There are 2 protein chains.
Amino acid sequence: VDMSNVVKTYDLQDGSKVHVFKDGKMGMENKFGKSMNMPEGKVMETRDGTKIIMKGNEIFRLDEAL
Amino acid sequence: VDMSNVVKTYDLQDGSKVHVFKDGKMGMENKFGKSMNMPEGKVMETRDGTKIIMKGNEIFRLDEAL
């Protein structure tokens, strides 16, 4: 990815990464750094312990309040 | 609902409420206070502006970091 404009990276347990850009664009790359389409409504477990899901170009994350 | 053990309520825009209990049980009731089954992998817009989705007995919420 071009990290110039990346505002956030979710490092996923399977090795892949989800990047969010400053214009709100979103990117995923696989464990080898290859662009791939982000799965919609698939829960994705992160390296730092939480879980995210994308739906309608938005990222939802496990609610820490709970 | 019995609010004795309710640790969290999401007040949804359509009038319904999602309650989370201290044992991690989860409940939904409709705009009239009737028990209903919580939709899985359906995005649900809240009265306070955010969105939640439930998947595998867990609640995900829009990531405010973004």
Side-chain angles (χ1 to χ4, degrees):
Chain A
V1 70
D2 193 358
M3 295 293 301
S4 305
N5 281 325
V6 171
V7 295
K8 185 144 208 206
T9 300
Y10 307 83
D11 290 281
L12 308 177
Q13 292 263 24
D14 65 51
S16 60
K17 300 191 191 317
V18 177
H19 310 288
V20 179
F21 302 99
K22 195 231 169 273
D23 63 8
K25 281 187 170 51
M26 229 167 264
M28 184 166 200
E29 52 173 20
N30 69 16
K31 73 180 81 157
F32 309 105
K34 305 294 140 163
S35 131
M36 58 171 285
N37 292 324
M38 199 184 320
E40 194 165 321
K42 194 214 202 167
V43 173
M44 290 171 296
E45 201 175 302
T46 78
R47 250 157 66 195
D48 84 330
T50 196
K51 297 173 190 164
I52 67 160
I53 183 178
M54 188 265 283
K55 216 125 178 187
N57 201 14
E58 288 186 306
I59 314 255
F60 291 82
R61 189 172 66 166
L62 274 174
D63 188 350
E64 292 299 325
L66 318 164
Chain B
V1 70
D2 193 358
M3 295 293 301
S4 305
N5 281 325
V6 171
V7 295
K8 185 144 208 206
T9 300
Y10 307 83
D11 290 281
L12 308 177
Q13 292 263 24
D14 65 51
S16 60
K17 300 191 191 317
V18 177
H19 310 288
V20 179
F21 302 99
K22 195 231 169 273
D23 63 8
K25 281 187 170 51
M26 229 167 264
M28 184 166 200
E29 52 173 20
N30 69 16
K31 73 180 81 157
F32 309 105
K34 305 294 140 163
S35 131
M36 58 171 285
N37 292 324
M38 199 184 320
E40 194 165 321
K42 194 214 202 167
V43 173
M44 290 171 296
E45 201 175 302
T46 78
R47 250 157 66 195
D48 84 330
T50 196
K51 297 173 190 164
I52 67 160
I53 183 178
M54 188 265 283
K55 216 125 178 187
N57 201 14
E58 288 186 306
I59 314 255
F60 291 82
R61 189 172 66 166
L62 274 174
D63 188 350
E64 292 299 325
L66 318 164

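Proteins get letters first, then strands, A, B, ... in listed order; numbering begins at 1 in each. Atom set for the values below is all heavy atoms of this structure, side chains included, hydrogens, waters and symmetry mates excluded.
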Peer 1: Within residues 10-31 of chain B, which positions have a heavy-atom distance to chain A below 4.5 Å?
Peer 2: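 At a heavy-atom separation under 4.5 Å, chain A is reached by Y10(B), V20(B).
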
Peer 1: Between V6(B) and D2(B), which heavy-atom pair has the shortest distance, and what is it?
Peer 2: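 Scanning both residues completely, I find the closest heavy atoms to be CG2-O, 3.5 Å.
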
Peer 1: For chain A, which residues from residues 33-60 of chain B have at least one heavy atom closer than 4.5 Å to it?
Peer 2: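 If one takes a 4.5 Å heavy-atom cut-off, the residues of residues 33-60 of chain B near chain A are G41(B), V43(B), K51(B), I52(B), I53(B), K55(B), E58(B), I59(B), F60(B).
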
Peer 1: Can you say whether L66(A) sits under 4.5 Å from chain B via the side chain, the backbone, both, or neither, judging by heavy atoms?
Peer 2: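 Only the side chain of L66(A) comes within 4.5 Å of chain B.
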
